[PDB]
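**Student:** Structure in structure tokens, see below.
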Amino acid sequence: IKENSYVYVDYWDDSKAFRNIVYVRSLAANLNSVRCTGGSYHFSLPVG
Amino acid sequence: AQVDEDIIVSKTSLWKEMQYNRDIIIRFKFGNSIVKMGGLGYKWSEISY
Amino acid sequence: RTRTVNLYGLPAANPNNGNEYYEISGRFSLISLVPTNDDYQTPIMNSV
Amino acid sequence: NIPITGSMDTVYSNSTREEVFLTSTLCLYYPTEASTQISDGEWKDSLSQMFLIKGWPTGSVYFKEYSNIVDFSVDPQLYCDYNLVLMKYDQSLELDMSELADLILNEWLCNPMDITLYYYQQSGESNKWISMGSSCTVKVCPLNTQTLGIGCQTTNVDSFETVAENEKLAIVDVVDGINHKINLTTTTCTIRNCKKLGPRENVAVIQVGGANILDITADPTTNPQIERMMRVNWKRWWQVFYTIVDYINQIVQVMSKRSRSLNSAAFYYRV
Amino acid sequence: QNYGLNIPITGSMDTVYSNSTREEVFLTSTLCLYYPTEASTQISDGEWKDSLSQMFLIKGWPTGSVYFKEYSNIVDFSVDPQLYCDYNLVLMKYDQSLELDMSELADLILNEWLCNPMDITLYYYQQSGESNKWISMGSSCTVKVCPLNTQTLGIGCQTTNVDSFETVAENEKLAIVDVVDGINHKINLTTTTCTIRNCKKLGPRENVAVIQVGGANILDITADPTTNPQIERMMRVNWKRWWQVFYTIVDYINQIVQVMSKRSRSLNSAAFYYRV
Ligand SMILES: *[C@@H]1O[C@H](CO)[C@@H](O[C@@H]2O[C@H](CO)[C@@H](O[C@@H]3O[C@H](CO)[C@@H](O)[C@H](O)[C@@H]3O)[C@H](O)[C@H]2NC(C)=O)[C@H](O)[C@H]1NC(C)=O
Ligand SMILES: *[C@@H]1O[C@H](CO)[C@@H](O)[C@H](O)[C@H]1NC(C)=O
Ligand SMILES: *[C@@H]1O[C@H](CO)[C@@H](O)[C@H](O)[C@H]1NC(C)=O
Ligand SMILES: *[C@@H]1O[C@H](CO)[C@@H](O)[C@H](O)[C@H]1NC(C)=O
Ligand SMILES: [Ca+2]
Ligand SMILES: [Ca+2]
Ligand SMILES: [Ca+2]
Ligand SMILES: [Ca+2]
Ligand SMILES: [Ca+2]
Ligand SMILES: [Ca+2]
Ligand SMILES: [Ca+2]
Ligand SMILES: [Ca+2]
Numbered sequence: 344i345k346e347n348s349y350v351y352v353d354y355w356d357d358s359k360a361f362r363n364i365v366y367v368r369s370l371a372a373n374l375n376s377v378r379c380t381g382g383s384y385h386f387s388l389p390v391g
Numbered sequence: 247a248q249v250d251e252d253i254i255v256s257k258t259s260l261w262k263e264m265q266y267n268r269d270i271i272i273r274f275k276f277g278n279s280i281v282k283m284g285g286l287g288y289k290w291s292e293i294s295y
Numbered sequence: 440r441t442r443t444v445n446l447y448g449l450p451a452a453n454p455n456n457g458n459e460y461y462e463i464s465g466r467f468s469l470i471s472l473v474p475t476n477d478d479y480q481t482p483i484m485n486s487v
Numbered sequence: 056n057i058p059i060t061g062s063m064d065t066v067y068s069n070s071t072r073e074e075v076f077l078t079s080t081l082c083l084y085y086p087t088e089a090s091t092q093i094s095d096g097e098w099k100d101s102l103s104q105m106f107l108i109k110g111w112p113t114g115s116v117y118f119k120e121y122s123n124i125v126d127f128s129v130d131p132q133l134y135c136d137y138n139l140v141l142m143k144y145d146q147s148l149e150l151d152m153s154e155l156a157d158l159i160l161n162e163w164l165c166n167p168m169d170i171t172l173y174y175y176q177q178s179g180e181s182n183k184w185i186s187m188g189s190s191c192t193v194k195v196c197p198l199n200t201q202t203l204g205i206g207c208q209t210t211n212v213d214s215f216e217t218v219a220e221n222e223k224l225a226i227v228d229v230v231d232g233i234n235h236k237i238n239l240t241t242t243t244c245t246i247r248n249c250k251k252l253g254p255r256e257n258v259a260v261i262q263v264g265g266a267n268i269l270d271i272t273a274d275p276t277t278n279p280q281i282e283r284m285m286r287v288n289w290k291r292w293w294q295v296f297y298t299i300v301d302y303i304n305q306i307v308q309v310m311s312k313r314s315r316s317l318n319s320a321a322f323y324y325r326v
Numbered sequence: 051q052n053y054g055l056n057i058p059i060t061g062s063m064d065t066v067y068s069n070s071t072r073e074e075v076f077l078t079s080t081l082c083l084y085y086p087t088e089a090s091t092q093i094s095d096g097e098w099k100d101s102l103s104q105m106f107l108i109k110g111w112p113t114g115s116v117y118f119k120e121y122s123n124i125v126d127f128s129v130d131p132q133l134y135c136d137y138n139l140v141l142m143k144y145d146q147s148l149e150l151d152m153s154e155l156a157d158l159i160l161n162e163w164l165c166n167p168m169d170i171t172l173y174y175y176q177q178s179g180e181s182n183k184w185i186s187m188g189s190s191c192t193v194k195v196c197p198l199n200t201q202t203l204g205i206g207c208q209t210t211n212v213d214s215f216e217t218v219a220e221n222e223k224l225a226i227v228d229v230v231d232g233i234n235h236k237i238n239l240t241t242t243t244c245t246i247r248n249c250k251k252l253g254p255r256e257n258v259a260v261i262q263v264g265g266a267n268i269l270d271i272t273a274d275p276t277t278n279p280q281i282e283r284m285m286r287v288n289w290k291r292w293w294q295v296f297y298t299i300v301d302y303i304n305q306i307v308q309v310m311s312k313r314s315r316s317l318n319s320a321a322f323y324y325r326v
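Chains as they are written, first to last, in UniProt numbering: chain Z, 344 to 391; chain B, 247 to 295; chain F, 440 to 487; chain E, 56 to 326; chain D, 51 to 326.
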């Protein structure tokens, strides 16, 4: 994941805002940024 | 104006037109597919999303 | 214990890093046609 | 208000000074450094005896010390019937001193605000939001018609526009007619939506230090020097208190009986 | 010919009139804020001009009217103050030791001036009357004067030895020096870094307004000691946060332009008419 790429996050709730959401206009939002740090993954070789 | 307001902007006999503004919490999680190659077991074929 | 070094990004090996999730506070606004009374239900639950 | 007709030839009535001194109470709010410099503690009793010469009965005078101006700003209860507020001026405290003077001198009708649910406008010129607490840092994010920040992101409190920081009392005026989202430290500070009614006749502010700087009217254009914002120079708190005692008749003449059908009960030191 | 100066306009005191002389050569009136750079420094934002334009649009000013202009500090803004614009407000951040420079910039902008040059190295100059000053503006002006006798002999200063001259303004961006009216004077300053002009004062420029952001009331535009007028346009506020100051100005903008009046405005942006 680098600058040229993108991350999509689709979202849905059980509230009234999504009850019959099939047409939408004037769509906008404000999301504060976030950070994602990758953890460690051990490649289990047979020997070594 | 409320944080979770339910505002109207046009109403008709069958249809209406609601304006919805909501405060939300987007909790998501990355996905990965580790596919390790065959062979002796020292090779991995793909580490994808 | 490898040769490939000093290269930026995020790998797919473990982007979660033991986090149960990545949280973004946010809000959205939208305008949508819906039937006149909220006692309707579009299909949301699925069999594939 | 019903009409009250009155002739223009009736003879002036006798002096009501003695009646009001027998029927009312005076109360002085002074900073702790006053007592510290006085270095005494028979001084309250001595000043009560001194007031008795000017004609205030023994129990009529109430001395309510406060720590300092910014700390007294937080929700000042004026337990009295004629209030004097000695107010020592120091540089950089101009706005906070002015805030306190505005708050107590002007009559306010305040309503609670629920920051966590509603976005609040300001109705007009007379409306303000007053935040009081141990440390109020109100941050405002104005909103569009679709409730989206301008100059700010509604969910990122860092991008908000700070209009007060760590202040015990802040009287914020924002652009009227625009919804706002507020961030204020809900555990510490309480914010209320208030409208300025007429003035409060009960209270007078004796600025003790520097130049004429108090600006009760938040409007930039008008800077009226109201009669109840008195001022005097000082070097010795004993001299200040003797000045007040000697000229007490003039001060209470400047002040006048409070007139408002209040609704919030609170303790008063009446006779 | 003229605009009918020399004949009187008559009006009735018991009638409210209807028809008006509608005239406009504009897009519309343009509010115009001058703020110190420290304001933007403290704000630490940069969609903030957009934010304030959106606010003014609510208050009734279209988008392309309001303008925001940064100046480093009041002393540096004083040198050749240009008001390129229609409804001018100037936010002056008061602080100690800048009392005279602030009062002097206020005196320069709030009032209309009619300035002639001064070939300093050739002639000797006087001051005709109470409304006449010498305005010196530049990177660093240092005005040293020397009054002259009726015989053109210096008094208290030898006209040749410049070190004996009386310094009246030392290393200032703007110096509005008034000297004794009726004395010939020999003047010395740093001709490359400064320009000195013989300026009469016409009526007051009733267009620009001055909001003193800091503390006590010190602005004395009237160079006279006896009079210290407090004009409607000498506005003042008590400040801690520049955001609060700008919100105050925006909220009460209508009253501020009600105090002002745009009918006084020149073609050029200069703070003083120049009449060679
Ligand atoms: C206005 O802005 C301030 C600045 O952030 C808000 O403070 C935030 O308040 C919430 C709730 O008190 C804090 O949530 C906490 O989250 C941590 C983990 O993220 C959790 O361990 C706690 O139990 C709690 O849920 C949040 O940390 C705090 N923000 C900061 C930077 O400290 C304030 O709430 C805002 N005003 C309103 C009315 O929401
Ligand atoms: C009012 O004053 C006059 C003159 O001192 C005095 O004669 C009169 O008795 C006073 N009125 C009353 C009610 O005592
Ligand atoms: C219209 O304006 C003129 C001034 O040019 C004035 O003389 C006249 O009285 C005005 N109309 C009315 C009805 O008063
Ligand atoms: C000002 O005085 C200095 C010192 O004598 C001199 O060098 C300079 O030429 C004078 N300025 C003018 C404009 O003559
Ligand atoms: Ca911002
Ligand atoms: Ca304050
Ligand atoms: Ca307001
Ligand atoms: Ca004011
Ligand atoms: Ca100067
Ligand atoms: Ca000399
Ligand atoms: Ca003169
Ligand atoms: Ca003067």
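We put the CB at the ideal spot given by N, CA and C, even for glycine.
Within this structure, are the beta carbons of residue 289(D) and residue 253(D) separated by less than 9 Å?
**Tutor:** One-based indexing of the fifth sequence puts residue 289(D) at position 239. One-based indexing of the fifth sequence puts residue 253(D) at position 203. Not a contact, by the Cβ cut-off of 9 Å.
**Student:** Distance cutoff 9 Å, beta carbons only. Does residue 374(Z) sit that close to anything in chain F?
**Tutor:** Numbered from its first residue, the first sequence carries residue 374(Z) at position 31. True, the Cβ-Cβ gap to chain F drops below 9 Å.
**Student:** Closest to residue 164(E) by C-alpha separation, out of 237(E), 183(E), 148(E) and 71(E), would be which residue?
**Tutor:** Within the fourth sequence, numbered from 1, the residue matching residue 164(E) stands at position 109. For residue 164(E), the nearest C-alpha among the options comes from 183(E).
**Student:** Applying the criterion that 16 or more other CB atoms from any shown protein chain within 10 Å of the CB defines a buried residue, is residue 385(Z) buried or exposed?
**Tutor:** Residue mapping note: residue 385(Z) aligns to position 42 of the first sequence, counting from 1. Per the 10 Å Cβ criterion, exposed.
**Student:** Compare the C-beta of residue 349(Z) against all C-beta atoms of chain B and say whether one is closer than 9 Å.
**Tutor:** On the first sequence, position 6 is the one that residue 349(Z) refers to. It does not: the Cβ of residue 349(Z) has no partner Cβ on chain B nearer than 9 Å.
**Student:** Would you kindly work out how many angstroms separate the C-alpha atoms of residue 251(B) and residue 176(E), rounded to a whole number?
**Tutor:** Along the second sequence, read from residue 1 onward, the residue named residue 251(B) stands at position 5. Along the fourth sequence, read from residue 1 onward, the residue named residue 176(E) stands at position 121. Cα to Cα, residue 251(B) sits roughly 16 Å from residue 176(E).
**Student:** From the DSSP output, in three-state form, read off residue 168(E) for me.
**Tutor:** The residue given as residue 168(E) occupies position 113 in the fourth sequence. Here residue 168(E) sits in coil by DSSP.
**Student:** Taking 8 Å as the cut-off, is the beta-carbon of residue 182(E) closer than that to any non-hydrogen atom of ligand 2?
**Tutor:** For the purposes of this step, residue 182(E) is taken as residue 127 along the fourth sequence, with counting starting at 1. Outside the cutoff, so no.
**Student:** Could you tell me the boundaries of the alpha helix (DSSP H) in which residue 297(D) lies?
**Tutor:** Residue mapping note: residue 297(D) aligns to position 247 of the fifth sequence, counting from 1. Here the alpha helix (DSSP H) through residue 297(D) covers 292-301.
**Student:** Compute every distance between the C-beta of residue 174(D) and the non-hydrogen atoms of ligand 3, then say whether any falls below 8 Å.
**Tutor:** As a position in the fifth sequence, residue 174(D) is number 124, starting the count at 1. No, ligand 3 has no heavy atom inside 8 Å of this Cβ.
**Student:** Under a three-way DSSP split, which group does residue 256(B) fall into?
**Tutor:** In the second sequence, residue 256(B) corresponds to position 10, counting from 1. Looking at residue 256(B) - three-state DSSP - the assignment turns out to be strand.
**Student:** Please name the residue in 280(D), 195(D) and 99(D) whose C-alpha comes closest to that of residue 119(D).
**Tutor:** Here residue 119(D) is taken as the residue at index 69 of the fifth sequence, counted from 1. The residue with the shortest Cα to Cα distance from residue 119(D) is 99(D).
**Student:** Quick one: grab the DSSP three-state call for residue 139(D).
**Tutor:** Walking along the fifth sequence from the start, residue 139(D) turns up at place 89. Strand.
**Student:** What residues come near ligand 1, if near means a beta carbon less than 7 Å from any of its heavy atoms?
**Tutor:** Going by the Cβ distance cut-off, the answer is 170(E), 171(E), 194(E), 212(E), 238(E), 239(E), 240(E) and 241(E).
**Student:** Assuming residue 276(E) contacts residue 309(D) under a Cβ cut-off of 8 Å, what Cβ separation, rounded to an integer in Å, is found between them?
**Tutor:** Numbered from 1 along the fourth sequence, position 221 holds the residue referred to as residue 276(E). Numbered from 1 along the fifth sequence, position 259 holds the residue referred to as residue 309(D). Going by Cβ atoms, the distance from residue 276(E) to residue 309(D) rounds to 6 Å, so yes, they are a contact pair.
**Student:** Is it buried or exposed for residue 471(F), if we count other Cβ within 10 angstroms and need 16 for buried?
**Tutor:** Counting from 1 along the third sequence, the entry for residue 471(F) is found at position 32. By the 10 Å Cβ count, residue 471(F) comes out buried.
**Student:** Does the CB of residue 485(F) have a neighbour CB from chain Z at under 9 Å?
**Tutor:** Translated into positions along the third sequence, residue 485(F) becomes position 46. False, the Cβ-Cβ gap to chain Z never drops below 9 Å.
**Student:** Would you say residue 172(E) faces chain B, with C-beta separation under 9 Å as the test?
**Tutor:** Working through the fourth sequence from its first residue, we reach residue 172(E) at position 117. For residue 172(E), the answer is yes, since a Cβ of chain B falls inside 9 Å of its Cβ.
**Student:** Given 8 Å as the limit, tell me if residue 68(D) has its C-beta closer than that to any heavy atom belonging to ligand 3.
**Tutor:** Against the fifth sequence, residue 68(D) aligns to sequence position 18. Correct: residue 68(D) has its Cβ closer than 8 Å to ligand 3.
**Student:** Got a sec: does ligand 6 put a non-hydrogen atom nearer than 8 Å to the Cβ of residue 151(E)?
**Tutor:** Your numbering for residue 151(E) matches position 96 in the fourth sequence. Within the cutoff, so yes.
**Student:** Whose C-alpha, out of 474(F), 457(F) and 475(F), is nearest the C-alpha of residue 382(Z)?
**Tutor:** Here residue 382(Z) is taken as the residue at index 39 of the first sequence, counted from 1. Selected option, being the one with the closest Cα: 457(F).
**Student:** For ligand 12, is there a heavy atom less than 8 Å away from the beta-carbon of residue 272(D)?
**Tutor:** Here residue 272(D) corresponds to residue number 222 of the fifth sequence, with the count starting at 1. Checking every heavy atom of ligand 12 against the Cβ of residue 272(D), one is found closer than 8 Å.
**Student:** Under 7 Å, CB to CB, which of the residues in the segment 460-482 of chain F have a partner in chain B?
**Tutor:** Taking 7 Å as the Cβ-Cβ cut-off against chain B, the residues of the segment 460-482 of chain F that qualify are 460, 461, 462, 463, 464, 465, 466, 467, 468, 469, 470, 471, 472, 473, 474 and 475.
**Student:** Which residues in chain Z have a C-beta closer than 9 Å to the C-beta of residue 203(E)? List them in chain order.
**Tutor:** Here the question's residue 203(E) lines up with position 148 in the fourth sequence. Residues of chain Z passing the Cβ test: 371, 372 and 373.
**Student:** In the segment 183-257 of chain D, which residue ranges form an unbroken beta strand (DSSP E) of at least 3 residues, counting only runs that do not cross its ends?
**Tutor:** DSSP runs (the beta strand (DSSP E)) wholly in the segment 183-257 of chain D: 216-227, 235-238 and 244-254.
**Student:** Buried or exposed: where does residue 243(D) fall if 16 or more other Cβ atoms within 10 Å of its Cβ makes it buried?
**Tutor:** Position 193 of the fifth sequence, counted from the start, is the residue given in the question as residue 243(D). With fewer than 16 Cβ atoms within 10 Å of its Cβ, residue 243(D) is classed as exposed.
**Student:** Spatial neighbours of residue 168(E) within its chain, please: C-beta separation below 8 Å, excluding the five flanking residues on both sides.
**Tutor:** Taking the fourth sequence and counting its residues from 1, one reaches residue 168(E) at position 113. Taken in chain order, the residues that qualify are 175, 184, 237, 246, 247 and 248.
**Student:** For the alpha helix (DSSP H) holding residue 127(E), just list the boundary residues, first then last.
**Tutor:** Taking the first residue of the fourth sequence as position 1, residue 127(E) is located at position 72. Looking at the DSSP string, the run of the alpha helix (DSSP H) that includes residue 127(E) is 124-128.
**Student:** Taking residue 352(Z) as the reference, give the member of 263(B), 253(B), 262(B) and 272(B) with the closest Cα.
**Tutor:** Locating residue 352(Z) in the first sequence gives position 9, counting from the first residue. Nearest of 263(B), 253(B), 262(B) and 272(B) to residue 352(Z), Cα basis: 272(B).
**Student:** For residue 154(D), which option in 294(D), 274(D) and 314(D) has the closest C-alpha, if you only look at C-alpha atoms?
**Tutor:** Within the fifth sequence, residue 154(D) is the residue found at index 104, counting from 1. Nearest C-alpha to residue 154(D): 274(D).
**Student:** I'd like to know whether the C-beta atoms of residue 269(B) and residue 448(F) end up nearer to each other than 9 Å.
**Tutor:** In the second sequence, counting from the first residue as 1, residue 269(B) sits at position 23. In the third sequence, counting from the first residue as 1, residue 448(F) sits at position 9. Result no, Cβ atoms of residue 269(B) and residue 448(F) do not sit closer than 9 Å.
**Student:** Does the distance from the C-beta atom of residue 297(D) to that of residue 270(E) stay below 9 Å?
**Tutor:** One-based indexing of the fifth sequence puts residue 297(D) at position 247. One-based indexing of the fourth sequence puts residue 270(E) at position 215. No, Cβ-Cβ distance for residue 297(D) and residue 270(E) is not below 9 Å.
**Student:** Helix, strand or coil for residue 282(B) per DSSP?
**Tutor:** Working through the second sequence from its first residue, we reach residue 282(B) at position 36. Reduced to three states, the DSSP call for residue 282(B) is coil.
**Student:** Do we get a CB-CB distance below 9 Å when we pair residue 102(E) with the residues of chain B?
**Tutor:** Reading the fourth sequence from its first residue, position 47 is the one you call residue 102(E). By this cut-off, residue 102(E) is not an interface position.
**Student:** Would you say residue 248(B) lies against chain F (beta-carbon separation less than 9 Å)?
**Tutor:** Counting from 1 along the second sequence, the entry for residue 248(B) is found at position 2. False, the Cβ-Cβ gap to chain F never drops below 9 Å.
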